[PDB]
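> Before I ask anything, let me first share the structure, which is written out below as structure tokens.
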Amino acid sequence: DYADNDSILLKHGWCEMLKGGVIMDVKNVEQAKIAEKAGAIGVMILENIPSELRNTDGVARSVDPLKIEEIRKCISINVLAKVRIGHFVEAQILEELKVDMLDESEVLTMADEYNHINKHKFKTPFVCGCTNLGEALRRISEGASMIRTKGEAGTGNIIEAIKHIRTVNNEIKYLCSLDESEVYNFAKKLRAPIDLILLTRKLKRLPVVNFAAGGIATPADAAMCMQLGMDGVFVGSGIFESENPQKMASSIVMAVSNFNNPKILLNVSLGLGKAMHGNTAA
Amino acid sequence: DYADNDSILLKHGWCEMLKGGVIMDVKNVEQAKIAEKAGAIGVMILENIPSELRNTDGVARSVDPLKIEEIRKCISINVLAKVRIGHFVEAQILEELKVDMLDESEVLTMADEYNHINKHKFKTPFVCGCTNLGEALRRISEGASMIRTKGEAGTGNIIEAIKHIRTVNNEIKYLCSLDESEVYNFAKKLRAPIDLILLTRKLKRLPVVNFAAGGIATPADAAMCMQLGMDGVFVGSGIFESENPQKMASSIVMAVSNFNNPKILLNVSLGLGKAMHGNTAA
Amino acid sequence: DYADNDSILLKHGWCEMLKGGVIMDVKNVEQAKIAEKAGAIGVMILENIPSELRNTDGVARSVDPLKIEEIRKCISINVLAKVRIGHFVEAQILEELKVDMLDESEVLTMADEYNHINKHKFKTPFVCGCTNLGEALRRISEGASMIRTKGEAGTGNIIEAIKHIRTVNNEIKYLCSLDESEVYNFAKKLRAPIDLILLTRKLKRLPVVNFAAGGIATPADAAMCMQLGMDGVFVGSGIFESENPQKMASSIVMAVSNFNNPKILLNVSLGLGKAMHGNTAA
Amino acid sequence: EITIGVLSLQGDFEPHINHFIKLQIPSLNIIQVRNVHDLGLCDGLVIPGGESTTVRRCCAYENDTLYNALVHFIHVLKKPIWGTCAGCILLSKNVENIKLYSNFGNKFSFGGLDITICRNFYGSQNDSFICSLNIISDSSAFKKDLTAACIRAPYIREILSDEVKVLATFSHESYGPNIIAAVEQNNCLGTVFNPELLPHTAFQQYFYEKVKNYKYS
Amino acid sequence: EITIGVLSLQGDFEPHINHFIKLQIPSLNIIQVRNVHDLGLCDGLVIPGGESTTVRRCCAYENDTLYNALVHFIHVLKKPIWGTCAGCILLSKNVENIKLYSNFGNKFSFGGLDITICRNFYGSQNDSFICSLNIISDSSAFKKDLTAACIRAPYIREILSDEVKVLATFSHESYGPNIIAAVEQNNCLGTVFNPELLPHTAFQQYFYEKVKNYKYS
Amino acid sequence: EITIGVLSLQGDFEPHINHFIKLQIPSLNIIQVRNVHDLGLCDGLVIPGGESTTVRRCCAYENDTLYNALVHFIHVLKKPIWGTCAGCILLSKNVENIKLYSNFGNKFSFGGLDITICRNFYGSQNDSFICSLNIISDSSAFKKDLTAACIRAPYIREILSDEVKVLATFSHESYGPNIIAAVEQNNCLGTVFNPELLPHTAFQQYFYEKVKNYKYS
């Protein structure tokens, strides 16, 4: 059980494996297989809902463990699951199930409006969402081993993701500039711990693996996030709501692995089919 | 030079000596002598201004070192001085002068409206002011070795001091109650470092010496602060603007040393003379 | 006449001479002599007014050239004068008088509320005031060869000066961090020219000599500005309204020349006398 | 000038890269390898840890262009290659064994180590351990009882040739005694652990020396 | 039942108190002493470190009531007393020497140690050091090269009687050799260092044993 | 290792410093000189351009400590010194001449160049010009018709010794022909122009070679 011995140095070590990867959101075994086939380093398991249910506002909870077990035994890549913010019992349950990583996710319905899960209490590493550096550092403070941008989940619109990436990127390079005296007031402004601010300063980057997430819909979108210094990418609807999920899934992986090579980016974008329709309603 | 080796453990050690004591604000040698005579563990040296200058709004700076040297060689108790908030060069100068403690004070004119002095960079211990726990912990984070309430300087009115004492007292006992999960969000609310919050939790009190200051005008006032759990007291105008500074100075010391003994408190309050006129204009 | 051949490279060259210097504001020959004696690299000539006139709100204009000529022939250090903002004819007049540098000053009464002087049209170099990077770059764009902070003129309070120094310092190091794409929107935000922003980026600092000004009242104040990366210092009332102008003038120069040596800063602060009374009325 | 490449289309390299830079060897350059051009600049190559059903896929682009180049690099040019975690699996003759994951699988391995290997047989990812090991070499690197980062690692079930030298083994109290941790076969080095996750740089130094010798050939 | 009091009218005691509680001795009770009533319950007394021109003043109330009770305690009753930093100064015959600070000064000291002492002769408060010491006793407490907390401490300049036993010395590379750290004279123990600031409890134990012996008398 | 110092108590140095760094000479270290300790590390010293009634004052602290050290450095140790604009004035025998500015003036100059010099005789600061010069040396540095930054410069009115070598002159159409721009006398070099304000590094290179030779002595 719990971290902050060097099982941490251990968790961090494990997360580094994910650098350069694409994690994909899957609703069933067929989708998992497509993801494995495309070169995904991992899948993130989602609740399987029909479109008619989608209209309603149902409470979105962590998935039935049996459905996770069912999908995991038909693939050999990494398996991740979601829990509700502040829902430490959902986490306890999935810890016992030996899942590879947990996402304390804002896409599910909040369980506790003030407190996030105390993530040090788990051996399973957590990923958390952020839109800015303070938020990111508070999640790491709480025990997150990995961070992602929030972006705008399910819209197929990259714009929020980009903003969040640039916001964190700037604050980090700026923080790195300030003098030793100035760092204190800045810590208070970000409402973040001075220790982790000093560590970000010494590392010249975010102290944990950092993925883009939310709104990625084309290979171009994916590569753009990588060119802006991200360690990797979560993709969901952009694949499985496209015209050709399999081809789209594969091209996104290729693009992430070759994000600096325009000729490959072009090549894997040819005859891709229609991307996810999406929604531009903020 | 700088702390956070165990010269710290050293600074803290040095400050503990002050527990139970009264530090007194002095403008000249005569005042220093009265203070020494009365049992003061230390004097804090102030700029010597006439009443006519008091009307104006002159910039209040750290005192001329020569005036400090002049007073220090006529007494053997501790000698403290004030610097402007964020004025690290005034601090560097008094460090070289071998003063016993510095007060980064809000009673002087601010030199830097965003940043306080980085106090770790000095071997001289600092005292700083606060009105609440977050503020207190941010000062300690910056390297303060001792804390005082701000109170309401120069008014002879105890009310603000009392409020600040209670505010800190509560937040501390409360913090000590919360569960391990809840401490994080609370840290963010106080805009304070989680490390020092956990340390306050483990010590069951403020992690450094903590004195009352501002508005103390009678022995009664002094004892009250002590009965509320303070480690000691700064007094200024309440003594030297009273009818009988010497007698008042001595009675305040006696009260602080005997703050739980009503019979002594009575005895040292008899025939005291008029207390400082004061001002009830918030 | 006019610049932007390489008489510029010439003006810049001339201003570099001032680095490490103190320029002092003088009202008469006696004051000029004191300034020369103290080690000042230059004096800035001010209108000679009595205290009674000071109450009133008289229009403050450039000084009578004859008064400049009178002071200049009794000293051999640099001689500077002030003109009203946008008053290009006052500048034309002093250009013909062969003054060493002009200060287009906000301390004099504005002559044009929209436009500053087009300073390229002169062979005499200009200094201008700023409180932030955009403002600084717009002045340089207009032809300023040197920049100073505005601070708070005549108050003896360093606080505003410090703020302005830090504001410019940050924006500069930050600008230096951004990616090539982001620089454009930032230029628009500072309302400053992209060319000079890119040049600030390439130089890693302000593209011209940069002095602190306004509110400097002790050696400590002066050194503090230098420790924050300024090239030098303007001083006025802090000297000539102090108890001992000559000694204060000399100590300020020593401090600026030795701003990193606490032992000298201490030494030149001993027995200095009373600093300027000042005013804390924002 | 010695150039070692680290395959970077995915996996954990900026460590591996970092861990080679930790050697502080003046003559050594490290580069990322993501295409055949990069590969051509390499004196030796590291194929790091990460997914394999991922690493292999990455090499599959443009009709197996990189795959083919790697096979040629390993088997024709005989340049030194170090396959760690996933890379160890991709150097193996037998891979154990692709129930569904099979796609072009037979060509799946680059080859180079005549061994049979078992995709992480250890539970999941919240069981991965650590280790101390033993070494059957005279190389100066290998010193006192070293450490490893055996994390959800693969299992070497069979040695299939006398050419294969068992370089390092360890004994665990839950996996048996004499578990094979490191093998070497000609111009190929294979490790089942994560060398980049412990502070020491022994295996990085060893591989460097291998690449250095390869040249002087 | 042994009761040791710690004078608490100001100085650092809840340490001294804590440090006696660390002894974990079942028989031992520690109390604060602030008045003559408290003092009457004590088998032995500690006079801790802090200001002295403060501790003495605190004793001065109600026409030197506590001061007088303390002098009687030390000199008539001959009860064991331990003066540390400021307390050490207050047990000394000669105090060096009260240029301005003189008020009722001749009565300033409680007396008990026939020594001449110098109010903190070491610079200020940002120089105070630490030490290791030597000991001329057979007591079980005192063991291997111990440590101290000599913080802005006083200096024992003269020993004025053969009755005074030099209990502990130390050698510094800035104050000379054989600096007197601890003295004992009858029912009085005096130390210039801060015993409460280091983890070990040797001097606390020693003083406990003294108080214990004092009763069995 | 050659260390050249640049007097930095005020004037324009981070240029001079920059301009020596532009030489890109591996053996060369540049330091700021603000005190006698710094001066003691120097193989040669540059006294830059700026005010003099300033530079001299800066050297006047602690009863002319630095001044005296500089005089000793120039005249006893005979170490190479390069006085440019203000520094050229401060190396001069005669300085022309301190009507009011006189304070301790006779001691004002460090000495080293037996010349009479005139504090900027050219109008003010909005007339300072530029130049091309001539050179009477065989040193490799000095090449084609070089350039200068004669800015509100001083005027060398008299050469007072045959020991003084006129190193460089120029002809202006408003100051006459054969204006003395550069002089050298033993271990002293003096220039009236600003070498740091043009892109070329000829005089920096020349002074470097002087310092280099001084050592091999």
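By order of appearance in the structure tokens: chains A, B, ..., then residues from 1 within every chain, and ligands from 1 in the order shown.
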Show me a table, sorted first by chain and then by increasing residue number, of the residues of chain B having an atom at most 7 Å from chain E, each with its shortest atom pair and the distance in Å to one decimal, counting only C-alpha atoms and written as JSON lines.

```
{"residue": "B:13", "atom": "CA", "partner": "E:197", "partner_atom": "CA", "distance": 6.7}
{"residue": "B:16", "atom": "CA", "partner": "E:12", "partner_atom": "CA", "distance": 5.7}
{"residue": "B:17", "atom": "CA", "partner": "E:50", "partner_atom": "CA", "distance": 4.6}
{"residue": "B:18", "atom": "CA", "partner": "E:11", "partner_atom": "CA", "distance": 6.3}
{"residue": "B:19", "atom": "CA", "partner": "E:11", "partner_atom": "CA", "distance": 5.7}
{"residue": "B:20", "atom": "CA", "partner": "E:10", "partner_atom": "CA", "distance": 4.2}
{"residue": "B:21", "atom": "CA", "partner": "E:10", "partner_atom": "CA", "distance": 5.9}
{"residue": "B:36", "atom": "CA", "partner": "E:101", "partner_atom": "CA", "distance": 6.5}
{"residue": "B:37", "atom": "CA", "partner": "E:103", "partner_atom": "CA", "distance": 6.7}
{"residue": "B:38", "atom": "CA", "partner": "E:57", "partner_atom": "CA", "distance": 6.9}
{"residue": "B:39", "atom": "CA", "partner": "E:54", "partner_atom": "CA", "distance": 4.2}
{"residue": "B:40", "atom": "CA", "partner": "E:54", "partner_atom": "CA", "distance": 5.8}
{"residue": "B:41", "atom": "CA", "partner": "E:51", "partner_atom": "CA", "distance": 5.4}
{"residue": "B:74", "atom": "CA", "partner": "E:100", "partner_atom": "CA", "distance": 6.1}
{"residue": "B:75", "atom": "CA", "partner": "E:100", "partner_atom": "CA", "distance": 6.1}
{"residue": "B:76", "atom": "CA", "partner": "E:101", "partner_atom": "CA", "distance": 6.8}
{"residue": "B:98", "atom": "CA", "partner": "E:124", "partner_atom": "CA", "distance": 6.1}
{"residue": "B:99", "atom": "CA", "partner": "E:124", "partner_atom": "CA", "distance": 6.9}
{"residue": "B:100", "atom": "CA", "partner": "E:125", "partner_atom": "CA", "distance": 5.3}
{"residue": "B:123", "atom": "CA", "partner": "E:126", "partner_atom": "CA", "distance": 5.7}
{"residue": "B:124", "atom": "CA", "partner": "E:126", "partner_atom": "CA", "distance": 5.6}
{"residue": "B:254", "atom": "CA", "partner": "E:58", "partner_atom": "CA", "distance": 6.0}
{"residue": "B:257", "atom": "CA", "partner": "E:9", "partner_atom": "CA", "distance": 4.6}
{"residue": "B:258", "atom": "CA", "partner": "E:9", "partner_atom": "CA", "distance": 6.9}
```
> Using only C-alpha atoms, select each residue of chain C with any atom at most 9 Å away from an atom of chain A, and give the selection as a PyMOL selection string.
chain C and resi 170+173-175+177-178
> Quick one: write out the picked residues with N, CA and C atoms as a PDB file, in the first residue's frame?

```
ATOM      1  N   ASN C 170      10.160  41.638 -14.741  1.00  0.00           N
ATOM      2  CA  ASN C 170       9.420  40.400 -14.987  1.00  0.00           C
ATOM      3  C   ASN C 170       8.997  40.263 -16.437  1.00  0.00           C
ATOM      4  N   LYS C 173      11.882  39.162 -18.608  1.00  0.00           N
ATOM      5  CA  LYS C 173      12.404  37.784 -18.498  1.00  0.00           C
ATOM      6  C   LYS C 173      11.359  36.827 -19.056  1.00  0.00           C
ATOM      7  N   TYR C 174      10.103  37.170 -18.815  1.00  0.00           N
ATOM      8  CA  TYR C 174       8.969  36.413 -19.333  1.00  0.00           C
ATOM      9  C   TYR C 174       8.941  36.454 -20.847  1.00  0.00           C
ATOM     10  N   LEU C 175       8.893  37.663 -21.403  1.00  0.00           N
ATOM     11  CA  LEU C 175       8.950  37.864 -22.866  1.00  0.00           C
ATOM     12  C   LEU C 175      10.029  36.964 -23.474  1.00  0.00           C
ATOM     13  N   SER C 177      11.029  34.190 -22.485  1.00  0.00           N
ATOM     14  CA  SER C 177      10.626  32.781 -22.401  1.00  0.00           C
ATOM     15  C   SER C 177       9.700  32.320 -23.543  1.00  0.00           C
ATOM     16  N   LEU C 178       8.747  33.171 -23.926  1.00  0.00           N
ATOM     17  CA  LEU C 178       7.638  32.805 -24.846  1.00  0.00           C
ATOM     18  C   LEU C 178       8.113  32.160 -26.144  1.00  0.00           C
TER      19      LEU C 178
END
```
> What lies within 10 Å of residue 90 (chain E) using only C-alpha atoms, ignoring chain neighbours under 4 positions off, as a list in words?
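Once the adjacent positions are removed, what remains is residues 47, 52, 53, 55, 56, 83, 84, 85, 86, 94, 95, 107, 108, 109, 110, 111, 112, 113, 117 and 190 of chain E.
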> With N, CA, C and O atoms retained, export the selected residues as a PDB file, in the first residue's frame.

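Output contents, as saved in part-v9.pdb:
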```
ATOM      1  N   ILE E  47      16.840  26.986  37.975  1.00  0.00           N
ATOM      2  CA  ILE E  47      16.697  28.391  37.520  1.00  0.00           C
ATOM      3  C   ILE E  47      17.228  28.526  36.106  1.00  0.00           C
ATOM      4  O   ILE E  47      18.416  28.729  35.921  1.00  0.00           O
ATOM      5  N   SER E  52      18.236  37.633  32.633  1.00  0.00           N
ATOM      6  CA  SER E  52      18.458  37.639  34.086  1.00  0.00           C
ATOM      7  C   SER E  52      17.990  38.955  34.664  1.00  0.00           C
ATOM      8  O   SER E  52      17.248  39.001  35.627  1.00  0.00           O
ATOM      9  N   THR E  53      18.429  40.040  34.044  1.00  0.00           N
ATOM     10  CA  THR E  53      17.870  41.346  34.328  1.00  0.00           C
ATOM     11  C   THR E  53      16.368  41.238  34.146  1.00  0.00           C
ATOM     12  O   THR E  53      15.672  42.227  34.273  1.00  0.00           O
ATOM     13  N   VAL E  55      14.721  37.715  34.994  1.00  0.00           N
ATOM     14  CA  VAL E  55      14.391  36.713  36.035  1.00  0.00           C
ATOM     15  C   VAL E  55      14.507  37.314  37.426  1.00  0.00           C
ATOM     16  O   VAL E  55      13.714  37.028  38.290  1.00  0.00           O
ATOM     17  N   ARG E  56      15.516  38.148  37.630  1.00  0.00           N
ATOM     18  CA  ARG E  56      15.722  38.805  38.927  1.00  0.00           C
ATOM     19  C   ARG E  56      14.605  39.767  39.232  1.00  0.00           C
ATOM     20  O   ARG E  56      14.113  39.833  40.350  1.00  0.00           O
ATOM     21  N   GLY E  83      21.321  26.395  38.557  1.00  0.00           N
ATOM     22  CA  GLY E  83      21.272  27.610  37.755  1.00  0.00           C
ATOM     23  C   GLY E  83      21.888  27.351  36.397  1.00  0.00           C
ATOM     24  O   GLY E  83      23.076  27.106  36.283  1.00  0.00           O
ATOM     25  N   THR E  84      21.073  27.389  35.359  1.00  0.00           N
ATOM     26  CA  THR E  84      21.604  27.257  34.013  1.00  0.00           C
ATOM     27  C   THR E  84      21.769  28.691  33.460  1.00  0.00           C
ATOM     28  O   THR E  84      21.625  29.647  34.225  1.00  0.00           O
ATOM     29  N   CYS E  85      22.106  28.842  32.178  1.00  0.00           N
ATOM     30  CA  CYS E  85      22.472  30.163  31.559  1.00  0.00           C
ATOM     31  C   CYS E  85      22.332  31.436  32.458  1.00  0.00           C
ATOM     32  O   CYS E  85      23.284  31.825  33.129  1.00  0.00           O
ATOM     33  N   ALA E  86      21.154  32.069  32.448  1.00  0.00           N
ATOM     34  CA  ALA E  86      20.803  33.183  33.350  1.00  0.00           C
ATOM     35  C   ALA E  86      20.797  32.769  34.817  1.00  0.00           C
ATOM     36  O   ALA E  86      21.199  33.536  35.676  1.00  0.00           O
ATOM     37  N   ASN E  94      30.188  37.218  42.028  1.00  0.00           N
ATOM     38  CA  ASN E  94      30.529  38.396  41.249  1.00  0.00           C
ATOM     39  C   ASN E  94      29.881  38.323  39.880  1.00  0.00           C
ATOM     40  O   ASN E  94      30.067  37.348  39.150  1.00  0.00           O
ATOM     41  N   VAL E  95      29.139  39.359  39.519  1.00  0.00           N
ATOM     42  CA  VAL E  95      28.545  39.403  38.198  1.00  0.00           C
ATOM     43  C   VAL E  95      29.132  40.576  37.476  1.00  0.00           C
ATOM     44  O   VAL E  95      29.138  41.674  38.010  1.00  0.00           O
ATOM     45  N   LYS E 107      22.388  42.976  45.676  1.00  0.00           N
ATOM     46  CA  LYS E 107      21.424  41.932  46.049  1.00  0.00           C
ATOM     47  C   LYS E 107      20.954  41.166  44.800  1.00  0.00           C
ATOM     48  O   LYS E 107      20.149  40.258  44.890  1.00  0.00           O
ATOM     49  N   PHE E 108      21.446  41.579  43.639  1.00  0.00           N
ATOM     50  CA  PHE E 108      21.073  41.042  42.330  1.00  0.00           C
ATOM     51  C   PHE E 108      21.224  39.544  42.327  1.00  0.00           C
ATOM     52  O   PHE E 108      20.281  38.813  42.002  1.00  0.00           O
ATOM     53  N   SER E 109      22.404  39.070  42.690  1.00  0.00           N
ATOM     54  CA  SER E 109      22.612  37.629  42.698  1.00  0.00           C
ATOM     55  C   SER E 109      21.962  36.959  43.913  1.00  0.00           C
ATOM     56  O   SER E 109      21.888  37.557  44.988  1.00  0.00           O
ATOM     57  N   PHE E 110      21.484  35.724  43.728  1.00  0.00           N
ATOM     58  CA  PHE E 110      20.999  34.882  44.853  1.00  0.00           C
ATOM     59  C   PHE E 110      22.167  34.356  45.609  1.00  0.00           C
ATOM     60  O   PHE E 110      22.041  34.010  46.774  1.00  0.00           O
ATOM     61  N   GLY E 111      23.293  34.260  44.911  1.00  0.00           N
ATOM     62  CA  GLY E 111      24.512  33.671  45.460  1.00  0.00           C
ATOM     63  C   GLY E 111      24.456  32.154  45.436  1.00  0.00           C
ATOM     64  O   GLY E 111      23.458  31.568  45.032  1.00  0.00           O
ATOM     65  N   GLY E 112      25.546  31.524  45.861  1.00  0.00           N
ATOM     66  CA  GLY E 112      25.620  30.051  45.954  1.00  0.00           C
ATOM     67  C   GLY E 112      26.864  29.440  45.307  1.00  0.00           C
ATOM     68  O   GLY E 112      27.393  28.414  45.767  1.00  0.00           O
ATOM     69  N   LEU E 113      27.309  30.072  44.222  1.00  0.00           N
ATOM     70  CA  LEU E 113      28.558  29.719  43.538  1.00  0.00           C
ATOM     71  C   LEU E 113      29.568  30.842  43.721  1.00  0.00           C
ATOM     72  O   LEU E 113      29.367  31.969  43.259  1.00  0.00           O
ATOM     73  N   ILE E 117      31.685  35.857  37.118  1.00  0.00           N
ATOM     74  CA  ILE E 117      31.074  35.482  35.850  1.00  0.00           C
ATOM     75  C   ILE E 117      30.917  36.719  34.991  1.00  0.00           C
ATOM     76  O   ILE E 117      30.740  37.811  35.504  1.00  0.00           O
ATOM     77  N   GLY E 190      25.943  24.811  38.600  1.00  0.00           N
ATOM     78  CA  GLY E 190      25.916  25.909  37.627  1.00  0.00           C
ATOM     79  C   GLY E 190      26.471  25.529  36.265  1.00  0.00           C
ATOM     80  O   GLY E 190      27.562  24.989  36.166  1.00  0.00           O
TER      81      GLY E 190
END
```
> Would you pick out the contacts of residue 145 (chain A) at 7 Å or less, using only C-alpha atoms, so that residues sharing its chain but fewer than 6 positions from it are not included, and give the list as a list in words?
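In the requested format, the answer is residues 11, 12, 125, 126, 127 and 208 of chain A.
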> Would you mind telling me which residue in C:149, C:51, C:246, C:131 lies nearest to residue 209 (chain C) when using only C-alpha atoms?
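Nearest candidate to residue 209 (chain C) out of C:149, C:51, C:246, C:131: C:149.
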> May I have the residues within 12 Å of residue 202 (chain D) as a list in words, using only C-alpha atoms and disregarding those fewer than 4 positions away in the same chain?
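Selected residues are residues 19, 20, 22, 23, 133, 135, 139, 140, 141, 142, 143, 144, 145, 146, 147, 148, 195, 196, 198, 206, 207, 208 and 209 of chain D.
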> As a ChimeraX atom specification, list the residues of region 26-170 of chain A assigned to helix (DSSP H, G or I) by DSSP on the backbone atoms of this structure.
/A:29-38,51-55,65-72,88-96,119-121,133-142,159-170
> For residue 171 (chain F), work out the shell of residues within 12 Å, counting only C-alpha atoms and skipping chain neighbours fewer than 6 positions away, then give it as a PyMOL selection string.
chain F and resi 130-134+177-181
> Since we have the selection now, will you write its residues out, keeping C-alpha atoms, as a short mmCIF file (atom, residue, chain, number, x, y, z; two decimals), in the first residue's frame?

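Generated file (selection.cif):
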```
data_model
loop_
_atom_site.label_atom_id
_atom_site.label_comp_id
_atom_site.auth_asym_id
_atom_site.auth_seq_id
_atom_site.Cartn_x
_atom_site.Cartn_y
_atom_site.Cartn_z
CA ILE F 130 33.85 59.43 -34.26
CA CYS F 131 37.14 58.79 -36.00
CA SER F 132 39.47 56.88 -38.20
CA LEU F 133 43.07 56.78 -37.00
CA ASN F 134 46.73 56.18 -37.80
CA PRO F 177 46.06 67.82 -37.78
CA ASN F 178 48.07 65.24 -35.74
CA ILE F 179 45.77 65.06 -32.70
CA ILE F 180 47.18 62.53 -30.26
CA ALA F 181 44.72 59.66 -29.77
#
```
> Write out as a PyMOL selection string the residues lying within 7 Å of residue 155 (chain A), counting only C-alpha atoms and excluding same-chain residues fewer than 5 positions away.
chain A and resi 215+278-280
> Could the residues in this selection be written to a file with N, CA and C atoms, as a JSON list (two decimals), in the first residue's frame?

```json
[["chain", "number", "residue", "atom", "x", "y", "z"],
["A", 215, "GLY", "N", -10.87, 16.83, -26.73],
["A", 215, "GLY", "CA", -11.11, 17.54, -28.00],
["A", 215, "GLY", "C", -10.23, 17.15, -29.19],
["A", 278, "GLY", "N", -18.64, 16.78, -33.91],
["A", 278, "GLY", "CA", -18.24, 17.71, -32.85],
["A", 278, "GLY", "C", -19.32, 18.71, -32.47],
["A", 279, "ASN", "N", -18.98, 19.60, -31.55],
["A", 279, "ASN", "CA", -19.91, 20.63, -31.06],
["A", 279, "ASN", "C", -19.21, 21.91, -30.62],
["A", 280, "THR", "N", -19.59, 23.03, -31.24],
["A", 280, "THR", "CA", -19.03, 24.36, -30.91],
["A", 280, "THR", "C", -20.01, 25.20, -30.08]]
```
> Can you list, as a ChimeraX atom specification, every residue of region 127-190 of chain D that DSSP puts in strand (DSSP E or B)?
/D:131-132,134-135,147-148,155-159,165-172,176-185,188-190
> What does the distance between CA of residue 220 (chain C) and CA of residue 89 (chain B) come to in Å, to one decimal place?
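Separation of CA of residue 220 (chain C) and CA of residue 89 (chain B): 5.7 Å.
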